[PDB]
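> One file: query.pdb (PDB, C-alpha atoms and all ligand atoms).
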```
ATOM      1  CA  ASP Q   2       0.000   0.000   0.000
ATOM      2  CA  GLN Q   3       1.288   3.425  -1.079
ATOM      3  CA  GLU Q   4      -0.162   6.582   0.438
ATOM      4  CA  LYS Q   5      -1.241   9.482  -1.789
ATOM      5  CA  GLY Q   6      -1.557  12.953  -0.361
ATOM      6  CA  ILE Q   7      -2.093  16.563  -1.263
ATOM      7  CA  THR Q   8       0.128  19.284   0.161
ATOM      8  CA  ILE Q   9      -1.284  22.851   0.276
ATOM      9  CA  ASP Q  10       0.860  25.943   0.762
ATOM     10  CA  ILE Q  11      -1.605  28.071   2.759
ATOM     11  CA  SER Q  12       1.284  30.409   3.740
ATOM     12  CA  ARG Q  13       2.120  32.095   0.409
ATOM     13  CA  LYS Q  14      -1.586  32.217  -0.495
ATOM     14  CA  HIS Q  15      -4.686  32.678   1.643
ATOM     15  CA  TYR Q  16      -7.340  29.927   1.531
ATOM     16  CA  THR Q  17     -10.823  30.110   3.109
ATOM     17  CA  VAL Q  18     -11.883  27.174   5.266
ATOM     18  CA  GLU Q  19     -14.551  26.569   2.570
ATOM     19  CA  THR Q  20     -12.018  26.304  -0.264
ATOM     20  CA  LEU Q  21     -10.007  23.866   1.897
ATOM     21  CA  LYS Q  22     -13.168  21.864   2.667
ATOM     22  CA  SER Q  23     -13.932  21.532  -1.054
ATOM     23  CA  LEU Q  24     -10.336  20.445  -1.660
ATOM     24  CA  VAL Q  25     -10.586  17.765   1.026
ATOM     25  CA  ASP Q  26     -13.917  16.684  -0.560
ATOM     26  CA  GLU Q  27     -12.105  15.994  -3.833
ATOM     27  CA  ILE Q  28      -9.264  14.231  -1.949
ATOM     28  CA  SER Q  29     -11.748  11.976  -0.131
ATOM     29  CA  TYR Q  30     -13.831  11.359  -3.259
ATOM     30  CA  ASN Q  31     -10.835   9.858  -5.059
ATOM     31  CA  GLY Q  32      -9.493   7.811  -2.098
ATOM     32  CA  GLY Q  33      -6.554  10.053  -1.033
ATOM     33  CA  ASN Q  34      -5.016   9.395   2.415
ATOM     34  CA  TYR Q  35      -3.847  12.741   3.777
ATOM     35  CA  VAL Q  36      -3.624  16.454   3.294
ATOM     36  CA  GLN Q  37      -0.490  18.294   4.350
ATOM     37  CA  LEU Q  38      -1.132  21.836   5.594
ATOM     38  CA  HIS Q  39       1.951  23.936   4.883
ATOM     39  CA  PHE Q  40       0.827  26.877   7.012
ATOM     40  CA  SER Q  41       4.196  28.375   8.127
ATOM     41  CA  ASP Q  42       6.703  29.997   5.784
ATOM     42  CA  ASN Q  43       8.519  33.271   5.199
ATOM     43  CA  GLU Q  44       5.490  35.205   3.914
ATOM     44  CA  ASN Q  45       3.050  34.479   6.777
ATOM     45  CA  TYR Q  46       2.020  32.191   9.670
ATOM     46  CA  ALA Q  47      -1.449  31.228   8.449
ATOM     47  CA  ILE Q  48      -3.117  29.590  11.470
ATOM     48  CA  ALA Q  49      -4.107  30.822  14.935
ATOM     49  CA  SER Q  50      -1.568  30.941  17.758
ATOM     50  CA  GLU Q  51      -2.093  32.000  21.371
ATOM     51  CA  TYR Q  52       1.685  31.770  21.792
ATOM     52  CA  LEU Q  53       2.404  34.038  18.770
ATOM     53  CA  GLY Q  54      -0.597  36.377  19.288
ATOM     54  CA  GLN Q  55      -2.969  35.369  16.498
ATOM     55  CA  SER Q  56      -6.141  35.046  18.564
ATOM     56  CA  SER Q  57      -8.999  36.648  16.590
ATOM     57  CA  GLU Q  58     -11.993  34.290  16.552
ATOM     58  CA  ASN Q  59     -13.140  36.220  13.427
ATOM     59  CA  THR Q  60     -12.365  35.278   9.800
ATOM     60  CA  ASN Q  61      -9.630  37.467   8.289
ATOM     61  CA  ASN Q  62      -7.075  37.668   5.463
ATOM     62  CA  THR Q  63      -4.093  36.481   7.600
ATOM     63  CA  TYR Q  64      -4.824  33.268   9.516
ATOM     64  CA  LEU Q  65      -7.322  30.492   9.999
ATOM     65  CA  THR Q  66      -9.079  30.978  13.311
ATOM     66  CA  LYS Q  67      -8.711  28.238  15.895
ATOM     67  CA  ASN Q  68     -12.267  26.986  15.316
ATOM     68  CA  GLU Q  69     -11.902  27.222  11.515
ATOM     69  CA  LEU Q  70      -8.769  25.005  11.714
ATOM     70  CA  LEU Q  71     -10.396  22.598  14.197
ATOM     71  CA  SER Q  72     -13.520  22.453  12.011
ATOM     72  CA  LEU Q  73     -11.351  21.640   8.975
ATOM     73  CA  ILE Q  74      -9.620  18.789  10.836
ATOM     74  CA  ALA Q  75     -12.895  17.343  12.109
ATOM     75  CA  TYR Q  76     -14.245  17.541   8.557
ATOM     76  CA  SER Q  77     -11.166  15.806   7.088
ATOM     77  CA  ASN Q  78     -11.219  13.050   9.745
ATOM     78  CA  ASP Q  79     -14.915  12.385   9.011
ATOM     79  CA  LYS Q  80     -13.877  11.616   5.405
ATOM     80  CA  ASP Q  81     -11.048   9.308   6.624
ATOM     81  CA  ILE Q  82      -8.409  11.929   5.757
ATOM     82  CA  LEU Q  83      -5.385  12.427   8.029
ATOM     83  CA  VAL Q  84      -4.339  16.063   8.418
ATOM     84  CA  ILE Q  85      -0.567  16.525   8.587
ATOM     85  CA  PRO Q  86       0.632  19.882   9.963
ATOM     86  CA  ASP Q  87       3.665  21.385   8.246
ATOM     87  CA  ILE Q  88       5.703  23.963  10.180
ATOM     88  CA  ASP Q  89       8.954  24.817   8.453
ATOM     89  CA  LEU Q  90      12.029  24.856  10.734
ATOM     90  CA  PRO Q  91      14.638  26.209  10.958
ATOM     91  CA  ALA Q  92      14.485  28.245   7.729
ATOM     92  CA  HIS Q  93      11.275  29.393   5.944
ATOM     93  CA  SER Q  94      10.496  30.872   9.373
ATOM     94  CA  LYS Q  95      10.298  34.666   8.851
ATOM     95  CA  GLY Q  96       6.510  34.570   9.276
ATOM     96  CA  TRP Q  97       6.448  33.458  12.923
ATOM     97  CA  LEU Q  98       9.727  35.229  13.742
ATOM     98  CA  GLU Q  99       8.156  38.616  12.823
ATOM     99  CA  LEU Q 100       5.370  37.620  15.240
ATOM    100  CA  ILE Q 101       7.980  36.976  17.937
ATOM    101  CA  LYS Q 102       9.616  40.341  17.070
ATOM    102  CA  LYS Q 103       6.343  42.236  17.720
ATOM    103  CA  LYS Q 104       5.626  40.133  20.851
ATOM    104  CA  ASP Q 105       9.114  40.339  22.420
ATOM    105  CA  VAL Q 106      11.970  42.079  20.563
ATOM    106  CA  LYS Q 107      14.486  40.834  23.195
ATOM    107  CA  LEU Q 108      13.568  37.180  22.573
ATOM    108  CA  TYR Q 109      13.684  37.738  18.790
ATOM    109  CA  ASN Q 110      17.297  38.974  18.946
ATOM    110  CA  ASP Q 111      18.187  35.922  21.124
ATOM    111  CA  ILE Q 112      16.864  33.323  18.574
ATOM    112  CA  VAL Q 113      17.307  34.801  15.079
ATOM    113  CA  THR Q 114      20.484  34.128  13.091
ATOM    114  CA  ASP Q 115      22.707  37.199  12.776
ATOM    115  CA  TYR Q 116      22.612  36.854   8.953
ATOM    116  CA  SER Q 117      19.029  35.767   8.048
ATOM    117  CA  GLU Q 118      15.635  37.045   9.268
ATOM    118  CA  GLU Q 119      14.061  33.893   7.776
ATOM    119  CA  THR Q 120      16.232  31.472   9.780
ATOM    120  CA  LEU Q 121      15.969  30.439  13.419
ATOM    121  CA  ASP Q 122      19.329  30.032  15.186
ATOM    122  CA  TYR Q 123      19.620  26.259  14.965
ATOM    123  CA  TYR Q 124      23.359  26.507  15.728
ATOM    124  CA  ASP Q 125      23.128  25.130  19.282
ATOM    125  CA  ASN Q 126      21.056  27.945  20.809
ATOM    126  CA  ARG Q 127      19.040  26.774  23.813
ATOM    127  CA  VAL Q 128      16.571  29.676  23.902
ATOM    128  CA  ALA Q 129      15.869  29.285  20.161
ATOM    129  CA  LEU Q 130      14.966  25.634  20.836
ATOM    130  CA  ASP Q 131      12.834  26.513  23.887
ATOM    131  CA  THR Q 132      10.788  29.062  21.920
ATOM    132  CA  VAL Q 133      10.298  26.551  19.071
ATOM    133  CA  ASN Q 134       9.328  23.781  21.486
ATOM    134  CA  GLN Q 135       6.486  25.908  22.917
ATOM    135  CA  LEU Q 136       5.235  26.789  19.431
ATOM    136  CA  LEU Q 137       5.382  23.062  18.601
ATOM    137  CA  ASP Q 138       3.412  22.065  21.712
ATOM    138  CA  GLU Q 139       0.592  24.433  20.692
ATOM    139  CA  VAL Q 140       0.737  23.000  17.118
ATOM    140  CA  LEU Q 141       0.807  19.359  18.290
ATOM    141  CA  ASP Q 142      -2.276  20.113  20.461
ATOM    142  CA  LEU Q 143      -4.228  21.956  17.712
ATOM    143  CA  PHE Q 144      -3.764  19.038  15.263
ATOM    144  CA  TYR Q 145      -4.639  16.288  17.742
ATOM    145  CA  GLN Q 146      -6.721  13.676  15.818
ATOM    146  CA  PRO Q 147      -7.756  10.667  17.997
ATOM    147  CA  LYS Q 148      -9.001   8.712  14.972
ATOM    148  CA  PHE Q 149      -5.332   8.622  13.854
ATOM    149  CA  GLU Q 150      -3.736   8.002  17.279
ATOM    150  CA  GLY Q 151      -0.446   6.163  16.687
ATOM    151  CA  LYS Q 152      -0.280   7.238  13.005
ATOM    152  CA  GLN Q 153      -0.159  11.068  13.213
ATOM    153  CA  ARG Q 154       2.703  12.819  11.434
ATOM    154  CA  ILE Q 155       4.188  16.322  11.257
ATOM    155  CA  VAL Q 156       6.485  17.940   8.691
ATOM    156  CA  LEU Q 157       9.189  19.932  10.489
ATOM    157  CA  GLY Q 158      10.644  21.362   7.287
ATOM    158  CA  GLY Q 159      14.445  21.277   7.019
ATOM    159  CA  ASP Q 160      14.351  22.492   3.410
ATOM    160  CA  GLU Q 161      16.816  25.066   2.008
ATOM    161  CA  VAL Q 162      18.597  25.626   5.307
ATOM    162  CA  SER Q 163      21.262  28.273   4.845
ATOM    163  CA  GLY Q 164      24.595  27.255   6.351
ATOM    164  CA  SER Q 165      23.450  23.647   6.764
ATOM    165  CA  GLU Q 166      26.043  22.071   4.434
ATOM    166  CA  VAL Q 167      29.067  23.428   6.334
ATOM    167  CA  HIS Q 168      27.319  23.404   9.753
ATOM    168  CA  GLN Q 169      25.670  20.028   9.117
ATOM    169  CA  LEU Q 170      25.915  18.569  12.629
ATOM    170  CA  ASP Q 171      24.274  21.633  14.196
ATOM    171  CA  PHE Q 172      21.453  21.280  11.613
ATOM    172  CA  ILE Q 173      21.000  17.607  12.420
ATOM    173  CA  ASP Q 174      21.166  18.053  16.193
ATOM    174  CA  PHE Q 175      18.518  20.769  15.975
ATOM    175  CA  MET Q 176      16.293  18.528  13.818
ATOM    176  CA  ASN Q 177      16.730  15.715  16.373
ATOM    177  CA  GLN Q 178      15.698  17.972  19.250
ATOM    178  CA  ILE Q 179      12.487  19.097  17.592
ATOM    179  CA  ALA Q 180      11.940  15.453  16.547
ATOM    180  CA  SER Q 181      12.156  14.562  20.226
ATOM    181  CA  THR Q 182       9.456  17.081  21.179
ATOM    182  CA  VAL Q 183       6.979  15.721  18.595
ATOM    183  CA  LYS Q 184       7.647  12.066  19.445
ATOM    184  CA  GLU Q 185       6.781  13.073  23.002
ATOM    185  CA  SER Q 186       3.255  13.628  21.582
ATOM    186  CA  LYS Q 187       3.308  10.341  19.548
ATOM    187  CA  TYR Q 188       3.681  11.985  16.100
ATOM    188  CA  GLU Q 189       6.080  10.680  13.472
ATOM    189  CA  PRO Q 190       8.456  13.512  12.414
ATOM    190  CA  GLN Q 191       9.187  14.241   8.747
ATOM    191  CA  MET Q 192      11.474  16.610   6.816
ATOM    192  CA  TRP Q 193      12.514  17.470   3.279
ATOM    193  CA  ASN Q 194      15.533  15.610   1.818
ATOM    194  CA  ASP Q 195      17.519  18.556   0.457
ATOM    195  CA  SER Q 196      19.631  19.785   3.400
ATOM    196  CA  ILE Q 197      20.678  16.392   4.808
ATOM    197  CA  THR Q 198      24.215  15.442   3.747
ATOM    198  CA  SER Q 199      26.390  12.349   3.901
ATOM    199  CA  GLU Q 200      27.992  13.975   6.982
ATOM    200  CA  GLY Q 201      24.628  14.316   8.772
ATOM    201  CA  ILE Q 202      22.769  11.119   7.864
ATOM    202  CA  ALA Q 203      24.508   8.958  10.509
ATOM    203  CA  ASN Q 204      23.397  11.268  13.387
ATOM    204  CA  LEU Q 205      19.818  11.855  12.144
ATOM    205  CA  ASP Q 206      17.003  10.246  14.170
ATOM    206  CA  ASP Q 207      15.665   7.513  11.909
ATOM    207  CA  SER Q 208      12.187   8.086  13.267
ATOM    208  CA  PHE Q 209      12.184  10.750  10.521
ATOM    209  CA  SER Q 210      10.571   9.866   7.216
ATOM    210  CA  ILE Q 211      11.832  11.926   4.292
ATOM    211  CA  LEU Q 212       9.984  14.039   1.755
ATOM    212  CA  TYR Q 213      12.163  13.483  -1.273
ATOM    213  CA  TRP Q 214      11.612  16.267  -3.739
ATOM    214  CA  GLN Q 215      14.943  16.964  -5.395
ATOM    215  CA  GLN Q 216      18.369  15.385  -5.160
ATOM    216  CA  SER Q 217      20.828  18.058  -4.031
ATOM    217  CA  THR Q 218      24.301  18.853  -5.322
ATOM    218  CA  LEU Q 219      27.025  19.454  -2.702
ATOM    219  CA  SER Q 220      29.224  22.572  -3.087
ATOM    220  CA  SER Q 221      31.940  20.189  -4.364
ATOM    221  CA  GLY Q 222      29.600  19.519  -7.328
ATOM    222  CA  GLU Q 223      29.330  15.927  -6.027
ATOM    223  CA  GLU Q 224      25.838  14.378  -5.891
ATOM    224  CA  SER Q 225      24.052  14.388  -2.532
ATOM    225  CA  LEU Q 226      21.867  11.653  -1.012
ATOM    226  CA  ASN Q 227      19.504   9.525  -3.119
ATOM    227  CA  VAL Q 228      16.718   7.159  -2.013
ATOM    228  CA  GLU Q 229      19.032   4.133  -1.849
ATOM    229  CA  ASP Q 230      21.392   6.169   0.377
ATOM    230  CA  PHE Q 231      18.444   7.014   2.647
ATOM    231  CA  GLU Q 232      17.458   3.348   2.545
ATOM    232  CA  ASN Q 233      21.019   2.321   3.600
ATOM    233  CA  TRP Q 234      20.705   4.354   6.822
ATOM    234  CA  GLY Q 235      17.113   3.250   7.688
ATOM    235  CA  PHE Q 236      15.020   6.195   6.330
ATOM    236  CA  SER Q 237      11.596   5.732   4.719
ATOM    237  CA  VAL Q 238      10.902   8.231   1.893
ATOM    238  CA  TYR Q 239       7.911   9.847   0.134
ATOM    239  CA  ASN Q 240       7.997  11.039  -3.499
ATOM    240  CA  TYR Q 241       7.397  14.818  -3.791
ATOM    241  CA  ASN Q 242       8.949  14.967  -7.267
ATOM    242  CA  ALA Q 243       9.614  18.674  -7.945
ATOM    243  CA  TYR Q 244       8.673  18.363 -11.656
ATOM    244  CA  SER Q 245       5.936  15.755 -11.833
ATOM    245  CA  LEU Q 246       4.306  16.523  -8.469
ATOM    246  CA  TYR Q 247       4.684  20.288  -7.983
ATOM    247  CA  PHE Q 248       2.255  22.836  -9.317
ATOM    248  CA  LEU Q 249       2.064  26.586  -8.758
ATOM    249  CA  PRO Q 250      -1.509  27.871  -9.382
ATOM    250  CA  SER Q 251      -1.387  31.189 -11.283
ATOM    251  CA  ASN Q 252      -3.889  33.777 -12.584
ATOM    252  CA  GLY Q 253      -2.353  33.466 -16.083
ATOM    253  CA  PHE Q 254      -3.334  29.753 -16.414
ATOM    254  CA  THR Q 255      -6.365  28.690 -18.494
ATOM    255  CA  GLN Q 256      -8.210  25.353 -18.897
ATOM    256  CA  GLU Q 257      -5.860  24.300 -21.738
ATOM    257  CA  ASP Q 258      -2.850  24.800 -19.434
ATOM    258  CA  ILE Q 259      -4.499  22.525 -16.840
ATOM    259  CA  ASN Q 260      -5.199  19.990 -19.611
ATOM    260  CA  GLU Q 261      -1.513  20.071 -20.606
ATOM    261  CA  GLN Q 262      -0.515  19.579 -16.934
ATOM    262  CA  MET Q 263      -2.663  16.446 -16.832
ATOM    263  CA  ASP Q 264      -1.208  15.127 -20.127
ATOM    264  CA  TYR Q 265       2.293  15.768 -18.703
ATOM    265  CA  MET Q 266       1.495  13.946 -15.447
ATOM    266  CA  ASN Q 267       0.236  10.970 -17.479
ATOM    267  CA  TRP Q 268       3.798  10.136 -18.531
ATOM    268  CA  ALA Q 269       5.937  12.036 -15.933
ATOM    269  CA  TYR Q 270       4.330  10.736 -12.721
ATOM    270  CA  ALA Q 271       4.715   7.378 -11.059
ATOM    271  CA  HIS Q 272       4.545   6.369  -7.408
ATOM    272  CA  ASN Q 273       8.295   5.490  -7.442
ATOM    273  CA  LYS Q 274       9.752   7.978  -9.967
ATOM    274  CA  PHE Q 275      11.874  10.433  -7.990
ATOM    275  CA  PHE Q 276      13.761  13.539  -9.066
ATOM    276  CA  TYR Q 277      17.440  12.533  -9.351
ATOM    277  CA  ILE Q 278      20.061  14.921 -10.777
ATOM    278  CA  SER Q 279      20.461  12.607 -13.801
ATOM    279  CA  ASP Q 280      16.850  11.410 -14.277
ATOM    280  CA  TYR Q 281      14.017  13.727 -13.159
ATOM    281  CA  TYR Q 282      11.680  10.692 -13.320
ATOM    282  CA  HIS Q 283      14.007   8.009 -11.893
ATOM    283  CA  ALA Q 284      12.299   4.709 -11.118
ATOM    284  CA  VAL Q 285      13.525   3.375  -7.773
ATOM    285  CA  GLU Q 286      13.418  -0.275  -6.729
ATOM    286  CA  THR Q 287      13.841   0.099  -2.960
ATOM    287  CA  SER Q 288      11.577  -1.047  -0.107
ATOM    288  CA  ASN Q 289      11.629   2.276   1.751
ATOM    289  CA  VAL Q 290       9.041   4.168  -0.384
ATOM    290  CA  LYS Q 291       5.857   4.835   1.612
ATOM    291  CA  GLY Q 292       3.849   7.081  -0.761
ATOM    292  CA  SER Q 293       3.691  10.319  -2.741
ATOM    293  CA  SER Q 294       2.065  13.758  -2.782
ATOM    294  CA  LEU Q 295       1.082  16.453  -5.241
ATOM    295  CA  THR Q 296       1.948  19.882  -3.848
ATOM    296  CA  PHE Q 297       0.366  23.283  -4.563
ATOM    297  CA  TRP Q 298       2.892  26.039  -3.825
ATOM    298  CA  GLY Q 299       1.242  29.440  -3.279
ATOM    299  CA  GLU Q 300       3.787  32.051  -4.466
ATOM    300  CA  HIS Q 301       2.333  32.421  -8.005
ATOM    301  CA  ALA Q 302      -1.270  32.425  -6.753
ATOM    302  CA  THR Q 303      -1.132  36.154  -5.877
ATOM    303  CA  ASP Q 304      -4.184  37.338  -7.857
ATOM    304  CA  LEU Q 305      -6.296  34.147  -7.777
ATOM    305  CA  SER Q 306      -9.866  34.152  -6.448
ATOM    306  CA  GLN Q 307     -11.030  31.290  -4.226
ATOM    307  CA  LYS Q 308     -13.129  30.056  -7.166
ATOM    308  CA  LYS Q 309     -10.265  30.124  -9.667
ATOM    309  CA  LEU Q 310      -8.039  28.251  -7.180
ATOM    310  CA  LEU Q 311     -10.634  25.489  -7.005
ATOM    311  CA  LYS Q 312     -10.935  25.514 -10.812
ATOM    312  CA  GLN Q 313      -7.175  24.844 -11.191
ATOM    313  CA  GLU Q 314      -6.588  22.544  -8.196
ATOM    314  CA  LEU Q 315      -9.714  20.340  -8.256
ATOM    315  CA  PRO Q 316      -8.895  18.635 -11.629
ATOM    316  CA  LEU Q 317      -5.179  18.170 -10.798
ATOM    317  CA  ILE Q 318      -6.100  16.570  -7.466
ATOM    318  CA  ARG Q 319      -8.475  14.178  -9.275
ATOM    319  CA  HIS Q 320      -6.043  13.314 -12.077
ATOM    320  CA  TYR Q 321      -3.097  12.644  -9.698
ATOM    321  CA  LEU Q 322      -5.189  10.547  -7.285
ATOM    322  CA  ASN Q 323      -6.424   8.377 -10.189
ATOM    323  CA  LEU Q 324      -3.071   7.858 -11.976
TER     324      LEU Q 324
HETATM  325  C1  LIG T 401      10.502  21.998  -0.081
HETATM  326  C2  LIG T 401      10.582  23.167  -1.011
HETATM  327  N1  LIG T 401      10.873  24.364  -0.720
HETATM  328  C3  LIG T 401      10.607  25.294  -1.856
HETATM  329  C4  LIG T 401       9.283  25.985  -1.598
HETATM  330  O1  LIG T 401       9.405  26.713  -0.375
HETATM  331  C5  LIG T 401       8.928  26.918  -2.749
HETATM  332  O2  LIG T 401       7.609  27.396  -2.507
HETATM  333  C6  LIG T 401       8.941  26.263  -4.138
HETATM  334  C7  LIG T 401       9.871  26.925  -5.134
HETATM  335  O3  LIG T 401       9.187  27.857  -5.983
HETATM  336  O4  LIG T 401       9.363  24.889  -4.030
HETATM  337  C8  LIG T 401      10.498  24.621  -3.232
HETATM  338  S1  LIG T 401      10.298  22.933  -2.674
END
```
Show me, as C-alpha cells, the structure contained in the file I just sent.
Ligand SMILES: CC1=N[C@@H]2[C@@H](O)[C@H](O)[C@@H](CO)O[C@@H]2S1

Amino acid sequence: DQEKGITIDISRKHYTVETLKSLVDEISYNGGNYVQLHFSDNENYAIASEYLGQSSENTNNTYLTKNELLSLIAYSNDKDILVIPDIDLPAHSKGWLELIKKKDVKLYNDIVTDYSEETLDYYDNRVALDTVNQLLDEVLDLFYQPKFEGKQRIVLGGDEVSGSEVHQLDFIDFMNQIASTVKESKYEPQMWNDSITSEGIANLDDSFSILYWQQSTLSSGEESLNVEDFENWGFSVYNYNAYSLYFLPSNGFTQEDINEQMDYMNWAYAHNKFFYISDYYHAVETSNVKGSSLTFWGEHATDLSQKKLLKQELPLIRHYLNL
C-alpha cells in the first residue's frame, strides 16, 4: 500500500476554510489518504496561535481561526483523511519570527540568526529551541486527531537551510531535538531531503521519514543523497517529485494549461519515480518508499480568487489521485 496525499501551501496564499473543505472533498472522493497543511513559511504564519498572538476568533485575510482550523480537521477526519501539519524549521520561518519580534523584541534577537531574518538560530542555541518547542506544543495540540492516534505525522521542514552544508551537525542536532518534542506527543516527524548530507545522515534520528523532492548537489559539485542512500541508513521516503508533483496555481493559467498539466502527469508521474540529478523521473526499486504527494505552492497564486483556485486545483487533485 502506497499513500497518496495533497500538500497545500496556505502560507504564500490565503485559503478560506470553505475552499479547503472543497479540496478535502475531492481528496476523499478519489481515495486520497492525507492532506499536508503547509501553514508556516517566510510570507506568513497562516493559522491561529495564542503563543504568537494570532487570537482573533473572526475570519480574516491572515490566519485560519482556531475553530476554523479545528472544524477543517474534524471535517477531514470524518472523510477518513489524516491532516498533517507542516511547520517549516529552521528556515522558511520569517513569518512566525516577525510575530515573535512584535511580541518580544528581546527574545527575537536571542533566537534569530545574525545573517538571516528567515532562519531560526539552529546553531546550538538553547533559547531558540525553547521558543520553538512551545510553538510546537501548541501545534501538536491543535492538530490532535484521535481517529489517527499512533499514526499522526508532522512535517518539520528542514528544506533550504542556509549554512546547513558546512554546519551540518548543528542542523542535524537541531532537527533531532524538535523530533524529540513531537515524538513526546506520539507523532512521526518528517522533513525534506535537500539539506541532509552524507555527513549528517549517521546522526539523524531515523524516526524521521523523508519528503524526497529533489536530489541536491554538494558545493563540491558531487551528488548528494539519493533514495538508496536514505534506505542504507534506515530512512523511509515519500515522493514529492519537484517536476511531476509540484504545481504553482497562477492567474495566467487557463483550462488548456491545466489539460496540458494532466497530459504531462500521465507520462511524468509514477509512485516510485523520484527527481534525481540525472533522471528527473528516476524509477527506484527500494523497499523504503511509503507514498507520494502532489503539492500546490502558493507564491504564483497572488491574484487568484477562491473560485479560480478550485478551478485549477480540483482537476489536478483528481487526475493525480487516479493515476
Ligand atoms: C521543499 C521546497 N521548498 C521550496 C518551496 O518553499 C517553494 O515554494 C517552491 C519553489 O518555488 O518549491 C520549493 S520545494
> Which is closer to ligand LIG 401 (chain T) than all the others in Q:160, Q:207, Q:27, Q:58, using all atoms listed in the file?
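For ligand LIG 401 (chain T), the nearest of the candidates is Q:160.
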> Enclose all atoms of ligand LIG 401 (chain T) listed in the file in an axis-aligned box, grow every side by 6 Å, and hand back centre and edge lengths in Å to one decimal, as lines of an AutoDock Vina configuration file.

```
center_x = 9.2
center_y = 24.9
center_z = -3.0
size_x = 15.3
size_y = 17.9
size_z = 17.9
```
> Looking at only C-alpha atoms, which of Q:158, Q:299, Q:96, Q:164 is the one that sits closest to residue 180 (chain Q)?
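Comparing Q:158, Q:299, Q:96, Q:164 against residue 180 (chain Q), the winner is Q:158.
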> So which one's closest to ligand LIG 401 (chain T), Q:173, Q:226, Q:284, Q:302? Using all atoms listed in the file, please.
Q:302
> Could you check the closest approach to ligand LIG 401 (chain T) for each of Q:154, Q:39, Q:148, Q:102 and tell me which residue wins, using all atoms listed in the file?
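Among the listed residues, the smallest separation from ligand LIG 401 (chain T) belongs to Q:39.
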> May I ask for the distance between CA of residue 120 (chain Q) and CA of residue 94 (chain Q), given in Å to one decimal place?
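Distance between the two atoms: 5.8 Å.
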> For ligand LIG 401 (chain T), collect every residue having any atom at a distance of at most 8 Å from a ligand atom (counting all atoms listed in the file); output as a ChimeraX atom specification.
/Q:10,13,42,93,158,160-161,193,195,214,243,247,249,298-300
> Find the residues around residue 140 (chain Q) up to 9 Å (only C-alpha atoms counted), leave out those fewer than 3 positions away in its own chain, and share them as a list in words.
residues 50, 86, 88, 135, 136, 137, 143, 144 and 145 of chain Q
> For residue 31 (chain Q), work out the shell of residues within 8 Å, counting only C-alpha atoms and skipping chain neighbours fewer than 6 positions away, then give it as JSON, numbers by chain.
{"Q": [319, 322, 323]}
> Mind checking which residues fall within 10 Å of residue 155 (chain Q), counting only C-alpha atoms, ignoring those fewer than 2 positions away in the same chain, and posting them as a list in words?
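Using only C-alpha atoms, the neighbours found are residues 37, 38, 84, 85, 86, 87, 88, 140, 141, 144, 153, 157, 158, 180, 183, 184, 188, 189, 190, 191, 192, 209 and 210 of chain Q.
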> If we count only C-alpha atoms and set the cut-off at 8 Å, which residues sit around region 103-118 of chain Q, ignoring sequence neighbours fewer than 6 positions away in its own chain? Please answer as a ChimeraX atom specification.
/Q:53-54,95,126,128-129
> Using the chain letters and numbers from this file, what does the PyMOL selection byres (((chain Q and resi 307) around 12) and not hetatm) select? Give the answer as a PyMOL selection string.
chain Q and resi 14-24+250-252+302-306+308-315
> Could you jot down the CA of residue 2 (chain Q) to CA of residue 227 (chain Q) separation for me, Å, one decimal place?
21.9 Å
> Do a neighbour search on residue 172 (chain Q) at 8 Å with all atoms listed in the file, toss out local chain neighbours closer than 5 positions, and write the hits as a list in words.
residues 123, 124 and 165 of chain Q
> If we draw a sphere of 9 Å around (-8.8, 12.7, 7.6), which residues have at least one atom in it when counting all atoms listed in the file? Please report them as a PyMOL selection string.
chain Q and resi 25+29+34-36+74-84+146+148-149
> In Å, with one decimal, what is the gap from CA of residue 324 (chain Q) to CA of residue 264 (chain Q)?
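A separation of 11.1 Å between them.
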> Taking only C-alpha atoms into account, name the residue in Q:235, Q:32, Q:91, Q:201 that is nearest to residue 288 (chain Q).
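Counting only C-alpha atoms, the residue closest to residue 288 (chain Q) is Q:235.
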> For this file, the PyMOL selection byres (((chain Q and resi 66) around 12) and not hetatm) selects which residues, as a PDB file with C-alpha atoms, in the coordinates of the input?

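Wrote it out as expr.pdb, contents follow:
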```pdb
ATOM      1  CA  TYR Q  16      -7.340  29.927   1.531  1.00  0.00           C
ATOM      2  CA  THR Q  17     -10.823  30.110   3.109  1.00  0.00           C
ATOM      3  CA  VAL Q  18     -11.883  27.174   5.266  1.00  0.00           C
ATOM      4  CA  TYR Q  46       2.020  32.191   9.670  1.00  0.00           C
ATOM      5  CA  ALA Q  47      -1.449  31.228   8.449  1.00  0.00           C
ATOM      6  CA  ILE Q  48      -3.117  29.590  11.470  1.00  0.00           C
ATOM      7  CA  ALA Q  49      -4.107  30.822  14.935  1.00  0.00           C
ATOM      8  CA  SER Q  50      -1.568  30.941  17.758  1.00  0.00           C
ATOM      9  CA  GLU Q  51      -2.093  32.000  21.371  1.00  0.00           C
ATOM     10  CA  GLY Q  54      -0.597  36.377  19.288  1.00  0.00           C
ATOM     11  CA  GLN Q  55      -2.969  35.369  16.498  1.00  0.00           C
ATOM     12  CA  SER Q  56      -6.141  35.046  18.564  1.00  0.00           C
ATOM     13  CA  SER Q  57      -8.999  36.648  16.590  1.00  0.00           C
ATOM     14  CA  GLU Q  58     -11.993  34.290  16.552  1.00  0.00           C
ATOM     15  CA  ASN Q  59     -13.140  36.220  13.427  1.00  0.00           C
ATOM     16  CA  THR Q  60     -12.365  35.278   9.800  1.00  0.00           C
ATOM     17  CA  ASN Q  61      -9.630  37.467   8.289  1.00  0.00           C
ATOM     18  CA  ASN Q  62      -7.075  37.668   5.463  1.00  0.00           C
ATOM     19  CA  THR Q  63      -4.093  36.481   7.600  1.00  0.00           C
ATOM     20  CA  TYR Q  64      -4.824  33.268   9.516  1.00  0.00           C
ATOM     21  CA  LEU Q  65      -7.322  30.492   9.999  1.00  0.00           C
ATOM     22  CA  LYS Q  67      -8.711  28.238  15.895  1.00  0.00           C
ATOM     23  CA  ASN Q  68     -12.267  26.986  15.316  1.00  0.00           C
ATOM     24  CA  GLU Q  69     -11.902  27.222  11.515  1.00  0.00           C
ATOM     25  CA  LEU Q  70      -8.769  25.005  11.714  1.00  0.00           C
ATOM     26  CA  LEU Q  71     -10.396  22.598  14.197  1.00  0.00           C
ATOM     27  CA  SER Q  72     -13.520  22.453  12.011  1.00  0.00           C
ATOM     28  CA  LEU Q  73     -11.351  21.640   8.975  1.00  0.00           C
ATOM     29  CA  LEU Q 143      -4.228  21.956  17.712  1.00  0.00           C
TER      30      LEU Q 143
END
```
